[PDB]
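**Q** The structure that follows is given in the form of structure tokens.
Coordinate-derived values only; no laboratory data. No Cβ is skipped: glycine too gets one built from the backbone with ideal geometry, and neighbour counts run over all protein chains shown.
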Amino acid sequence: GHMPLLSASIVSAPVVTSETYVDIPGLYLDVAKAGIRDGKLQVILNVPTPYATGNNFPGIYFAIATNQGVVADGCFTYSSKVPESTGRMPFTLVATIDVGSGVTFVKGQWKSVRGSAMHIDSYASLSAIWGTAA
Amino acid sequence: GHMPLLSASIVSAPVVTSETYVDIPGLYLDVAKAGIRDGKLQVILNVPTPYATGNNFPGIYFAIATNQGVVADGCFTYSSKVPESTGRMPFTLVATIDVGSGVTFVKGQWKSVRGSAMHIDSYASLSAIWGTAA
Amino acid sequence: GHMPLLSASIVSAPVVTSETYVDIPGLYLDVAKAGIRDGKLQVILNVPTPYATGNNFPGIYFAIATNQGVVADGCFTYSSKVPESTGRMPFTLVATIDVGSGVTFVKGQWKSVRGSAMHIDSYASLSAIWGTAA
Ligand SMILES: C[C@@H]1O[C@H](NC(=O)c2ccc(-c3cccc(N)c3)o2)[C@@H](O)[C@H](O)[C@@H]1O
Ligand SMILES: C[C@@H]1O[C@H](NC(=O)c2ccc(-c3cccc(N)c3)o2)[C@@H](O)[C@H](O)[C@@H]1O
Ligand SMILES: C[C@@H]1O[C@H](NC(=O)c2ccc(-c3cccc(N)c3)o2)[C@@H](O)[C@H](O)[C@@H]1O
């Protein structure tokens with residue numbers, strides 16, 4: 001049937017700040033295009049090597065979003081006001097969505113903690129597994 | 001057949017300490033209620049934004065448990081005795097269990113590192129995918 | 001059919017350094033032995049409790065590799081030159097591979113950041129879910 005495994009990956013994104021959730025370019029799954037219109041998707045946003053730069057306990061919020069908006073989110077933050085070096089802080093987020101609710105796409109998004117610039121310069125992925133009771 | 005994707009999520013838990021693994025309230029999957037009695041479950045415990053508070057290199061242990069007890073565990077810990085700010089330390093744990101062994105539920109659990117108080121104040125999830133050779 | 005859930009887990013590995021990706025002993029899935037020769041695998045490398053020791057902002061790179069080499073990688077790093085204590089830095093990596101390309105096994109691998117010694121002394125896992133459009 002429909003291939004039940006969906007995936008998108010990137011190796012970089014332009015460095016930005018944001019006060020709201022904004023798409024991480026390339027982390028996008030087109031569910032409607034796949035003909036998936038019911039059942040559930042287990043979605044994993046994997047950003048294994050991010051870093052944040054800023055002047056006030058930097059960090060990044062990440063979200064899984066659909067056309068209906070944010071379904072789940074989280075963040076990492078450093079434990080010092082201005083880290084001596086902004087270390088790489090692995091981040092994974094997992095959510096399960098009902099496609100029947102009207103889901104046509106899934107995206108990874110990010111937002112600044114305290115004005116931080118947001119850095120991806122290596123592999124990151126957005127994955128989904130489709131399940132049905134049919 | 002049985003919907004092969006199971007999930008539970010929370011956005012907070014009462015702040016506690018524990019010297020043993022104790023349930024994270026709400027992170028519970030009822031496998032027996034779903035009629036799943038054989039095959040395997042790939043379980044993901046996702047706690048993307050925890051923090052620990054304490055006086056001695058704080059942290060949190062997390063576990064995946066069934067009615068048979070802990071199947072897998074791990075922790076995060078800070079790298080300073082008393083962090084200047086207790087940053088958010090994303091945590092994910094993945095284990096695969098044989099349901100045929102007698103599994104009726106799956107839970108997320110947590111335990112203090114060195115007496116730490118344990119904090120969830122945003123999204124966290126427990127997910128499972130059922131697979132069968134049938 | 002073929003059990004669509006594959007998993008391997010360990011609780012320790014000999015402490016090593018490496019300037020290249022080297023196998024994490026025991027984190028190995030034999031895909032060919034399972035008779036899986038097409039479709040896709042969603043692979044998760046879960047190293048929830050590693051630490052790195054070294055003198056120069058320590059860390060560990062991790063990779064998912066097949067017989068064809070590295071498909072995805074990432075790292076954690078500390079935010080201090082010589083951490084007061086090398087805290088536990090949870091790490092997860094997720095990649096989806098096309099088995100049809102000629103994949104016969106999947107492995108977790110690791111490599112030093114800046115000469116770090118690499119430590120696993122508790123649970124770690126390598127998991128895969130097989131999906132087919134057939
Ligand atoms: C901001 C600093 O960034 C440094 N890493 C790199 O400059 C870099 C460039 C490419 C990569 C990288 C990562 C993960 C997988 C792969 N293959 C490559 O890392 C860190 O070592 C410091 O600790 C610190 O966080
Ligand atoms: C203990 C401190 O906690 C602060 N965060 C919050 O007080 C907070 C309240 C709600 C949330 C939060 C998280 C993740 C997703 C969402 N949507 C919301 O965070 C951090 O900024 C500091 O770095 C530090 O760890
Ligand atoms: C290097 C130091 O390592 C300490 N942990 C241990 O020595 C240890 C030995 C077994 C385990 C361990 C872990 C995860 C799950 C389980 N069950 C057991 O941890 C940390 O507390 C410090 O913060 C610090 O990182």
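**Q** Using a Gaussian network model of chain A with C-alpha springs under 10 Å, which one of A:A34, A:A124, A:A63 is most mobile by mean-square fluctuation?
**A** A:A34
**Q** Still on this structure, I have one more. Across peptide C:47-53, what mean number of C-beta atoms from other chains lies inside 10 Å of a residue's C-beta?
**A** 4
**Q** Still on this structure: Apply the Kirkwood formula to segment A:23-91: the hydrodynamic radius equals the inverse of the mean of 1/r over all pairs of different alpha-carbon atoms; give it in Å with one decimal.
**A** Roughly 14.2 Å, rounded to one decimal.
**Q** Determine, for each peptide in B:14-25, A:67-78, the mean count of other beta carbons within 10 angstrom over its residues, then list the peptides with the highest first.
**A** Answer by packing, highest mean first, reads A:67-78, B:14-25.
**Q** Separate question: Counting other Cβ atoms within 10 Å of each Cβ, which trypsin sites (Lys or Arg not before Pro) in segment B:86-134 have at most 14 and sit in a DSSP loop?
**A** Sites meeting the loop and neighbour criteria: B:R114.
**Q** If you filter segment C:12-77 for trypsin sites (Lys or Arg not before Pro), then keep DSSP loop positions with at most 14 other Cβ within 10 Å, what is left?
**A** Passing both the DSSP loop test and the Cβ count: C:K33, C:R37.
**Q** OK, next. Please list the non-local residues whose amide H lies under 5 Å from the amide H of B:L27, H modeled 1.01 Å from N, same-chain partners needing a gap of 5 or more.
**A** Excluding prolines and chain starts, which carry no amide H, the hits are B:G108.
**Q** Would you mind checking the radius of gyration and Dmax of the protein assembly as shown based on alpha-carbon positions, in Å?
**A** 19.6, 56
**Q** Now a separate question. In a solvent-free Debye calculation with one equal scatterer on each Cα, what is log10 I(q)/I(0) for segment C:50-89 at q = 0.32 Å⁻¹, listed in the order of the q values?
**A** -1.03
**Q** Shifting gears a bit: Which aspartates and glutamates does A:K111 reach when only Cα atoms under 15 Å apart count, and residues fewer than 8 places away in its own chain are ignored?
**A** List returned: A:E19, A:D23, A:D73.
**Q** Which three extents, in angstrom, do the Cα atoms of chain B have along their principal axes, listed largest first?
**A** Result for chain B: principal-axis Cα extents of 53, 23, 21 Å.
**Q** To continue, here is another question. Let me spell out the model: positive unit charges on the Cβ of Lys and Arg, negative unit charges on the Cβ of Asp and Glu, origin at the Cα centre of the protein assembly as shown. What dipole size does that give, in debye rounded to 20?
**A** Roughly 100 debye, rounded to the nearest 20.
**Q** If you don't mind, another one. Would you mind checking the radius of gyration and Dmax of segment A:79-134 based on alpha-carbon positions, in Å?
**A** Expressed in Å, the Cα Rg and Dmax of segment A:79-134 come to 16.5, 54.
**Q** OK, next. Counting other beta carbons within 10 Å of each residue's own, what order do A:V82, C:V94 fall into, fewest first?
**A** With the sparsest Cβ surroundings first, the list reads A:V82, C:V94.
**Q** Averaged over its residues, how many other protein chain Cβ atoms are within 10 Å of peptide A:61-71's Cβ atoms?
**A** Going residue by residue through A:61-71 and averaging, the value is 1.
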